[PDB]
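Just so it is clear, the values below take in all heavy atoms, side chains as well, and ignore hydrogens, waters and symmetry mates. Residue numbers begin at 1 in each chain, while the letters A, B, ... track the order of the sequences.
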Amino acid sequence: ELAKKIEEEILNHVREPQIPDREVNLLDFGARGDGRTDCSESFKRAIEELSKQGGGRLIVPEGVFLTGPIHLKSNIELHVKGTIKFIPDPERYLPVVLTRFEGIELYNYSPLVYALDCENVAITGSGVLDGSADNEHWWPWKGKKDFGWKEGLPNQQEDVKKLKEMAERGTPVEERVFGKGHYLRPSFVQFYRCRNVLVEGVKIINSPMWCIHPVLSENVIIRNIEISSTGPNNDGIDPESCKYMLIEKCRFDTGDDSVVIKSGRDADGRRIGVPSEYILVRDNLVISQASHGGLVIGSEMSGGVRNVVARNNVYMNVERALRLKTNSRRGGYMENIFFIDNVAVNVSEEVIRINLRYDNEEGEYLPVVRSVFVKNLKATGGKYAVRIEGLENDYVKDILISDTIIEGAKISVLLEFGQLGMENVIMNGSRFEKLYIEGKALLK
Amino acid sequence: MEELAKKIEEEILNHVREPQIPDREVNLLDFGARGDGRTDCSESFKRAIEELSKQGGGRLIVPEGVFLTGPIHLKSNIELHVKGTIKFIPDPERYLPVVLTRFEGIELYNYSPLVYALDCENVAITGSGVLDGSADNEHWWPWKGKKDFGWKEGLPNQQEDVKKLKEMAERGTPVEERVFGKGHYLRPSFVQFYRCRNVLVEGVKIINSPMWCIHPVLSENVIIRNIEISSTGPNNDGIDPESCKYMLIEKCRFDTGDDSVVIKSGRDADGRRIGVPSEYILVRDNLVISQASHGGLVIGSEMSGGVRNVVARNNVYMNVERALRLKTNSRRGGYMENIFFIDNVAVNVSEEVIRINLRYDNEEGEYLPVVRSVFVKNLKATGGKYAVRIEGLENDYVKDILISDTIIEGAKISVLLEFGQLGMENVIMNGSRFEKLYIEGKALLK
Amino acid sequence: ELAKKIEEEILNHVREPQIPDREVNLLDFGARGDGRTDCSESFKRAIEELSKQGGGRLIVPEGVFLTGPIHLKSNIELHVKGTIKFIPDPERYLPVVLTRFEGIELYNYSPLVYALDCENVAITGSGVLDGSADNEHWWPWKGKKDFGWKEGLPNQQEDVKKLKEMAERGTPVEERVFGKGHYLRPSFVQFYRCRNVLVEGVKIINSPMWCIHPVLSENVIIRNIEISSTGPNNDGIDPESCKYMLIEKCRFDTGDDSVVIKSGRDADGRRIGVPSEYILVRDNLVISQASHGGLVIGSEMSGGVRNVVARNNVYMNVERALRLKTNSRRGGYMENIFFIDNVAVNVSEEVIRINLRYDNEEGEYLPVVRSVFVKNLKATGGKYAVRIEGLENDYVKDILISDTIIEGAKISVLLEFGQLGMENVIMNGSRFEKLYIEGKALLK
Amino acid sequence: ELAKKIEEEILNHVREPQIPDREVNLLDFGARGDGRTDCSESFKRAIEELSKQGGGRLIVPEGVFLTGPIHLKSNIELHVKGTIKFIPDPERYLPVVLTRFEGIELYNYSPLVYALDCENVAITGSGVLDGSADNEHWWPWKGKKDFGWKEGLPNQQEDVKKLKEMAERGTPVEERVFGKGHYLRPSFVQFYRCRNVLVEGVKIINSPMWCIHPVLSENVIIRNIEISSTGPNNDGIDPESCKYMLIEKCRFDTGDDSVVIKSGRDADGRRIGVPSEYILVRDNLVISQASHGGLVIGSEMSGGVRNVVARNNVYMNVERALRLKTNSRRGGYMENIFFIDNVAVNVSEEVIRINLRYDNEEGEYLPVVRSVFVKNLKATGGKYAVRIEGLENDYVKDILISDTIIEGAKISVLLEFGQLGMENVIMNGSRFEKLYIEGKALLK
C-alpha cells in the first residue's frame, strides 16, 4: 500500500543539516537583550563572521533582542534561547528581495528571517520569534476592520490585483517591484530555493502573515515548534513547491490554515511547474478555533501537489480537518493525498472538504483532483462530515474513506460531480459497510 | 398535507360501479347438465346463456357439483353465478374456432380463453365456487418449453410462434391475418374480457390456469373483489389489466406462478399502434402469500401503450420475490408514470423489495421508455437480496423516484442505482436512518 | 427444541374420530330446506335412528333448515352441506343443561349444538351454521348500546354477579340454575367432557357468544373452518380445560379473542383444577379488525394453561397478536407458551401483551405467569410492540423474544414488574443483539 | 438551566490572587541552575525576604534547580521559568507536617510544594516541576513490582491499615505521626486550608503520588498546566473538600485518575464533613492511555461532592470518561454532577462508570448517589458504554443521559440496582428516543 511506501521514501531523503562545530554568542557583537537596543547590526556581523570561517552556530541568549530582518547564509544555525523581537517598521525590510505573495513571485519587503539559495540552514532552541504584528502593525494591510484597518488607510487589495495581472501577462519577476508605497506583507520565516533546512524547538508569535514558508526547497525538517498567531492569513506552515519534507511533533494555533501545501498560483505557478511532493506530516497537535484547516492543499496548487501523508495527528476545534481547494483558473493537480490515523474533534465547518470552486473564480485550466484516502479517522462535529464538489466537466475522482467514525455532523455527505467510496464508515445514525456513488448525492 | 395519491383514488372510485344485472335467473341443471364431473356440459352453458340473453339477460346459476365444459362465451347483461366447480376440459380442439385475443401484449386470432366476453357490457362472474382450468404438467403447461412444467425433449413449444407473432406485428400485418390455434402452441388466457364495459368478478376461486388467470383487455369500469387465485404454473399471472381504464382490485387473495397483479398495455409496435394506456387502476386491501410470485404489484413489460395513475394501497405481500416491480426496455417505448405504492407491507421478500428495470430481457431498440414519478410511502418490508434496485439507461435515466416514511430490514444490498435519480425522506434501511437520501447517477449501498 | 417436542407429542395423541359407515338424510325425517319449516324434531329423530344402530352420518343437504338446538350423541357425524339456521327464541333452548358461562359451571340455556359425555363426534361439510344472533337477538343481553341493548331493559350484569358469588361460596353446580328469567347467553358449538371430536369445513356466522367451545375434552381437531361473527364476546375458539387439541387451516373474523385458551374462573376453576394443555395452533389466518387478539390465554385460566404452541399463523388488522390475561382473583398459572414463526401485520394496539390486573379485580390467589417464548415473529404496527405488566408482589417471569422484527410500533417496550429477554430483535431504529431487563422499562 | 446557573455561580466567586508588585531572583540567594547545587536554603531565604516586605514574586530563571520541599507563605508567587527538580531523599521532607493520605488527615512527609493556611498564593511560568520519582524513588512504596518494589522490601500497606484504624477509633490528628520509618508518599503540590490560589503554565513530571492537591481551599484556579506523570497513584488534580474552583485549558497524561473530586475517607471525612462543591472543569485535554478516568468523583467522598460542572473537555485513549466510585463504608453523597459537551475517543474500559462497590469493602454508611447528568457526549470505544452498579438497599438514582452518541463499545448498558433515563441517544447504531430503566439490565 502506497502510504507506507511514501513515508519510507520521505524518510530516506530527509536528513538534518550539517552545521560546523563552531559557535558564537550574540552579546560579543554589542547586542543587548533589554528589549530596547537595536540588534540589527549584531546579527549581520555575527552571521558574516561565521560564514567567512565556513559557517556555524549563533547563540541568542536569554533576553529580548530587537532587530530588523535577519538574513541567513549557508551553514548557519540560529540558536534561540531568549526572544528575537522584530521591529515592525516596513523601511527596515528594504531593499526589496525575491519573495512570493499568495503563490506569485515578486520583489517585496524581506521576510523577517530570510535565506535565499542557501544550503544547511537551521533555526533551533526553545526560545521565541516575535514578529510584532498586531492591530497597529502589518495586520491593517489586510483591509479587515477585525484587525485594525479603517477607512482612509491603505490596504493590499489594489496591489493583489496588480500582482495577479502582471503574472497573467507573464511579465518578468524583476519587473514586479513592490516594497515602499505598496501593502503586501512579508512572510515570517522563509527559505527560498534552499536545501537541508531545519526548524526546531522555537515558539512563533505575532506573525505578519504566513509563519513558516519554505519555497522551492528540498530536505526540510520542521519539528517540535509551536505556532501561536491568530491574525489575518496567519498560516502555520506553507510548504510551497517543496520536495522531501517532514513536519512532526508541532503545536499549532493559527489564524488561517495550519499546515497548507502549495506550489504557486495560476500562470506563475504553471510557469515554474514545480510540484510539492513527498511531504510527511505526523504526530502534530492543532488546538485552534481560529484554524481554517488542519491539513490543507491549495488553493495555490498550480505546480501540482502529490504524495502527501498526514498520519497520527490530533485536530481540536478547527474549522476543517482535511481541506482541498482549487478552481478552473489554477490548472495543476492534487493527487495521492493520504489522511491516516488522525483524530479531529469539535470541528465547526466540514470534517472533510474538497472544493473545485474556490473563490468562485473560473478559467480554462481544469485541475486534476483524484486519489484522496482517509483511513481510521475518528472525528466529531461539523455542518458537514463530507463535502465534495467538483465540476460538470471535471469530476473529483477516486476518493476513498474507510474504517472511519464521524459523530455529530449535521449533514453526512454533500457530493456534486464526484466519485466517493466508503468502506466500514459510521456517521451518526447511519453505517456503511460498503458505499459507492458517482454523480450527485445528499445524505443526512 | 393534500396527497395526489388520495385524489387519484377518489377519481377511480368516482368512475367505478357494479354492473346492473336484470332480475331474472335460470339454473344450469334445466339444460341437460350434470355435476357428476363426467357429463359434457358445454351445450348446457351455451343454451342457458342464450335463453337468458333472449329475455335481455340475468343470472345463470351453477349449483353444487363438478361441471365439465369447453370454453364458456358470455354475452352482455349476463351474470355467471358459480356455487359448484366449473372444470374446463383441456382439449385444445374444444377452444376453436379462433377468436380475437392477445398473447403477451400482441393481438391475434387464437384458441378461445376458457371464459370469454368480447365487446360486451354489464357482465359478471360471482359466487363462492371454483373455476378449474385443468392445466398441469400434461395439459397446456408443456407448451411453455420448460422441463419442470412437463415439456419433453423433441416436443413442440411456443417459441417459434412467439417469434412469428412478433415479426407479424412489426410488419403491420392486420390482426385478421394473424391466425394461430390448431398446429400452433400459444396458450389462451383463463378469464378474458375483451373491449368490455361494466365488469365484475367476485367470490370465485381460480385454480390450474393455462396461463394468465384474469385478463381484462381494453376494458372500462372493472371490479375484481374477494376472489382467490391459486395457480403456480408457468406464466400464471393473477390479474393482468391490459389497456384498461378505471379498475378496482380489492380484498383478493393470491398465490401465483408469475407476477400477481400486473398492469400492461401492449407490446412494441402493436402496443404503439393501439396506443391505449392502462390508467386509473386502484389495487387495495389485497393479500398475496406466495413463494412463487414474481412480484406483488408489477408494471410491464408490455407497457408500450403507457401506464399511468396507479394506486396500490394497504396491501400485504408475503414470501414474494418482489413487492413492487417496473419492467421495460428500449424496444417498448411508451411510459410508466404516477405509480403510487402506499401503506403496503411486504414480509420475507426473496429477491428485490423495489425493482425498476429498463433492461428487460436484455433487448434493445429505438423506443426509449419514459419511467418517472414513482412514489413509495409508508412501506414496511422485510428480507431480500436488494431493498432498492433501480436500473435505467445512459440515454434514459429513471427519474423522480421517491421513497418516504419507509422501513426495510434484512435486505443484503440497500441500494443498487444505475442511471437513475432517487430520493428518500425519513427512511430506515437495514438499521441506517436517513432523514434525507438523494442520489443522482450511479450507486451501490450496503 | 422444546416447541418441536411439544408439537410432536400433540400430533402423537390427536386422531380423527371413527364414525360407523352408515348414513341418513335429514329430508327423510320431515325437514324442509325452505327456511320456514321447523326442523327441530327432524334432527332429534335422525340422530335417534342413527344412535339406535350404533351411530353414523347425518346428511344435511343444500337448503336452509330452521331449528332449535341440536343435541348430538356418541358416534354421530353431522355432515352439513346447506345452512342450519337456529331459531333465536330462548324458550327453545330449554330445559337447562350443564354448561359454563365465562369460566363458571351452571345450568343454563342449551348451546346451539351441544354434546355432553360423548365420544367420537364430528361436524363436517362445506355448509353454514347460522346462530341468528343480531342487535335484536341474544346480543342485547350483553348490555352494550352498540349491540342493541336499550335503557331499562334487562342484561347479563346481575346474573354474572350472582353466578360469581355462587361460585365463591362453593354453591354446588347443580344448585346454579339459570335459563328462563335470566340473561346468560349460550355458547354456539359446545362439546362438554367429550373425547375424539372433529369440527371441519363449516362456516359459523351470527353467533350469540363464544363460537366453538370444547370443555374438559380430549383429542379435538378443529380444521378448515371459517368463523365470521363480530358481535359482543364472539370469541372464535375457546379450548377450556382441554388436553390434546389441534386447530389448523382455519379463517377467523371475530368480535373478541380469536383463539383463546381457558381453564375455568376463580374458585370454580380451582375446584375443577384441570389445565388446558398440549394445544397446537397452526397454519391459521386471522383477517379481523374487530379481533381483540390472535392467540390469547385467559383470563379464565384458574385451572392452569401450559404447553401451547402457536406456529405459522398469519394475523392481519387484529388488536393484538399474542395476549395473556389474568389477575390475583384467578390463581392458577400460564407457562410454556410458544409463539413461533408467526406473522402479524397492521396490529392496532399491542403486538405482544401481558397484564396481571384484568378487569380491575384483585384477590389472594397470585397467578404464576412465566416462560413465554416468541421466536421468529415478523410484525408491523401497534401502539406497543411489547407491553408486559406484572405486580410488585408477582413479576411476569422468563419472557423471551428472539429472532424477531417489529416495525412501526410507537412504543417498543413497556415493562412493569417483569423479566424480559430479547435476542436478535429489531424494532424500528433499535437493534438488540442481547437485552435482559428485570424491573421497569420504557423503550421508545 | 442548572448547569448554566452553577457555572455562572462559580465564575462569580473565582478570581486571580492579588500579588504585591515586587520581585526577587533566586540567583540573588546563592542558587545555581547547574543541577548539582542544593538550592533548598535559596528558596527559604528568598521567600522569607519577600514575605517580610508583604509578599511578591520569586523568579526561578533558566536552568535546573535542585531543592528539598518548598514551603510557601501568603502573598507569594513562585514564577518558574527553568526547572525545579526535587531531591528524592525522604529525610529532606522532615519534620512532618499536616497533610493527607488517601482521604485521611495525618502528620507525614512534606509535599514537594506546600502551603498551609495561606492566602493569595501563585505558581506561574512556563517551566518544569520535576518530582524525581521513578522505579527507585518514592514509587517502590506502593508495593507493585511494575514500579520497582522488591520482594522483602517495605511498602505502604501496613501504614495504610494503621492510619485507617486511627481515623476509625478517633485518635487526634496530631497523634497520627508517620514520616520516618513509615512508607506513605507525599503529594506533589499541596495547598492546605488555603484561599485565592493560582497554578498556571507549569509542567509537572515524575510525581511521587498525587500531582496537584488543593485541600479545604476556596477560590482556586488551575490553568494552562501540563501533567505528564504515569506512575502509581499519579492523579492529576485532586480537589479535596474544596469550594469555588476552576480547572481549564490543562493537558493531562496521568497514571491514575486525571481530575478527581474528593472530600475525605470514611470516619475522618465524616468528622470533617466539608464537601467539594462548585467545581468547574472546562476546555481541558486528556491524551492518556494510562489514565483511569477523565473526570472522576471519589472514592474518598465521605464529606460529599455536589454541584460539579465538567464542560467541553476532550478525553483520548483513557480507561473511562466519567467515573463515580464509592462504597458502604463511605457514607456521604455524590449529586448534581454535570458532564456536558464532552468528547471521548478510544475509551478502553467504560465510557460512563458508576460503582457503589469500590474495593469490594462494605460497612454501615450507605452513600447517596443521584442526579448525574450527561448531555451532548460523543464517545468512541469501550468494553462498556454505560456501566452503573448500585446496591440492593441503595439504588443509583436520577441518572440522565441525553443528546449523546456512543459507538464501538462492546456492551451498551450494564445496570444493577439503578434508575437510568436516556433521551435522544445513539448506542452502537441503535437509536432511542427514550430509554428508561429501573432495576437490572444488560444490553448488547
Side-chain angles (χ1 to χ4, degrees), chain D residues 10 13-19 43 47 50-51 55 57-58 67-80 84 86 93 96-125 129 131 173 185-202 204 207-225 227 229 234-248 250 259-264 269 272 274-281 300 303 305:
Chain D
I10 295 161
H13 285 98
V14 148
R15 55 190 55 86
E16 292 74 9
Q18 284 290 283
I19 304 292
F43 286 104
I47 287 155
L50 288 166
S51 187
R57 289 175 290 289
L58 173 52
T67 183
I70 298 170
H71 283 199
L72 298 166
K73 294 174 81 56
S74 292
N75 308 298
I76 298 283
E77 182 185 334
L78 186 64
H79 187 80
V80 184
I84 301 173
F86 296 87
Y93 303 85
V96 297
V97 296
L98 178 64
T99 187
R100 277 191 194 200
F101 191 92
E102 288 180 337
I104 301 173
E105 290 196 326
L106 83 174
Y107 278 79
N108 196 35
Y109 290 114
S110 178
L112 320 201
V113 185
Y114 178 73
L116 172 61
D117 298 311
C118 293
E119 207 169 50
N120 312 312
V121 183
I123 304 171
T124 67
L129 307 173
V173 184
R185 287 164 293 150
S187 285
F188 199 135
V189 178
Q190 174 171 94
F191 302 93
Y192 215 99
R193 300 193 302 241
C194 287
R195 194 181 173 92
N196 314 329
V197 174
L198 177 64
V199 186
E200 75 174 15
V202 289
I204 299 185
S207 184
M209 204 168 172
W210 306 356
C211 298
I212 301 176
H213 189 200
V215 184
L216 286 163
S217 292
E218 189 173 315
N219 183 23
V220 180
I221 301 166
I222 316 294
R223 68 155 99 95
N224 294 113
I225 62 149
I227 314 283
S229 199
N234 278 179
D235 301 8
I237 306 165
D238 296 77
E240 186 161 16
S241 296
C242 288
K243 172 189 253 192
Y244 299 126
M245 180 174 305
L246 167 61
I247 302 168
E248 68 174 4
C250 299
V259 183
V260 222
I261 300 154
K262 306 176 185 288
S263 55
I272 297 159
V274 180
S276 266
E277 51 172 347
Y278 292 113
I279 316 290
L280 179 67
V281 181
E300 304 86 345
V305 181

**Item:** Close side-chain approach of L129(D) and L112(D), heavy atoms under 4.5 Å
**Value:** no
**Prompt:** Can you tell me how far CZ of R100(D) sits from CD of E300(D), rounded to the nearest 0.5 angstrom?
**Reply:** 10.0 Å
**Message:** If you compare all heavy atoms of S217(D) against all heavy atoms of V220(D), which two are closest, and at what distance to 0.1 Å?
**Reply:** CB-CG2, 3.9 Å
**Request:** Output yes when a side-chain donor or acceptor of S276(D) lies under 3.5 Å from a complementary backbone atom of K262(D), and no otherwise.
**Result:** yes
**Request:** Return the minimal non-hydrogen interatomic distance between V259(D) and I247(D), and the atom names on each side.
**Result:** CG1-CD1, 3.8 Å
**Request:** Just do the side chain to side chain contact (heavy atoms under 4.5 Å, CB included) check on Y107(D) and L98(D) with the steps written out, would you?
**Result:** CA-CA 5 Å; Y107(D) 278 79; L98(D) 178 64; 4.0 Å; yes
**Message:** Less than 4.5 Å apart, side chain to side chain, heavy atoms only: is that true for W210(D) and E102(D)?
**Reply:** yes
**Request:** For residues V113(D) and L72(D), determine if any side-chain heavy atom of one lies less than 4.5 Å from a side-chain heavy atom of the other.
**Result:** yes
**Fill in**
Distance col, row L280(D):CG vs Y244(D):OH, nearest 0.5 angstrom, shows 13.0 Å
**Request:** Determine, for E119(D) against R193(D), whether the closest basic-nitrogen to carboxylate-oxygen distance falls under 4.0 angstrom.
**Result:** no
**Message:** When you compare the side chain of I212(D) with that of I225(D), does any pair of heavy atoms fall below 4.5 Å?
**Reply:** yes
**Request:** Could you tell me the separation between the CZ atom of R15(D) and the CG atom of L198(D), rounded to the nearest 0.5 Å?
**Result:** 13.5 Å
**Prompt:** Any chance the side chains of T124(D) and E77(D) put a donor and an acceptor closer than 3.5 Å?
**Reply:** yes
**Prompt:** Does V197(D) reach the side chain of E218(D), with side-chain heavy atoms less than 4.5 Å apart?
**Reply:** no
**Prompt:** Once you round to the nearest 0.5 Å, how far does CD of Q190(D) lie from CG of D238(D)?
**Reply:** 10.0 Å
**Request:** Would you give the length of the straight line joining atom OG of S74(D) to atom CG of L50(D), rounded to the nearest 0.5 angstrom?
**Result:** 13.0 Å
**Request:** Check for a donor-acceptor pair, side chain of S207(D) on one end and backbone N or O of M209(D) on the other, with a separation under 3.5 Å.
**Result:** yes
**Asked** Distance-only, no hydrogens or angles: does the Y278(D) side chain make a donor-acceptor pair with backbone N or O of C242(D) under 3.5 Å?
**Response** no
**Fill in**
When every non-hydrogen atom of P69(D) is compared with those of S110(D), the smallest separation belongs to CB-OG, 3.7 Å
**Message:** To the nearest 0.5 Å, what is the distance between CG on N219(D) and CG on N196(D)?
**Reply:** 4.5 Å
**Prompt:** Should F43(D) and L78(D) be marked as a side chain to side chain contact (heavy atoms under 4.5 Å, CB included) after you check the CA-CA gap, both sets of side-chain angles, and the distance that decides it?
**Reply:** CA-CA 10 Å; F43(D) 286 104; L78(D) 186 64; 4.0 Å; yes
**Message:** Check whether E240(D) reaches the backbone of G264(D) with its side chain - one donor and one acceptor, N or O, closer than 3.5 Å.
**Reply:** yes
**Message:** Using every non-hydrogen atom in the two residues, find where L216(D) and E105(D) come nearest and quote the distance to one decimal.
**Reply:** CD1-OE2, 4.1 Å
**Request:** Please report the C-alpha distance between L58(D) and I47(D) in whole Å, then the side-chain angles of each, then the deciding distance to 0.1 Å, and finally whether the side chain to side chain contact (heavy atoms under 4.5 Å, CB included) criterion is met.
**Result:** CA-CA 7 Å; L58(D) 173 52; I47(D) 287 155; 3.9 Å; yes
**Asked** Any side-chain heavy-atom pair from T99(D) and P186(D) closer than 4.5 angstrom?
**Response** no
**Asked** For the side chain of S241(D) and the backbone of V215(D), is there at least one donor-acceptor N/O pair under 3.5 Å apart?
**Response** no
**Request:** Specify whether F86(D) and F188(D) have parallel, tilted or perpendicular ring planes, treating 30° as the upper limit for parallel and 60° as the lower limit for perpendicular.
**Result:** perpendicular
**Item:** Side-chain heavy-atom pair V202(D), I123(D) within 4.5 angstrom cut-off
**Value:** yes
**Message:** Test side chain to side chain contact (heavy atoms under 4.5 Å, CB included) on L116(D) and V97(D); report intermediate values, then the result.
**Reply:** CA-CA 9 Å; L116(D) 172 61; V97(D) 296; over 6 Å; no
**Item:** Heavy-atom donor-acceptor pair, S263(D) side chain to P275(D) backbone, under 3.5 Å
**Value:** no
**Complete:** Shortest non-hydrogen pair, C211(D) vs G236(D), comes out as CB-O, 3.3 Å
**Message:** If you define the side chain from C-beta out and look only at heavy atoms, does anything of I84(D) sit under 4.5 Å from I70(D)?
**Reply:** yes
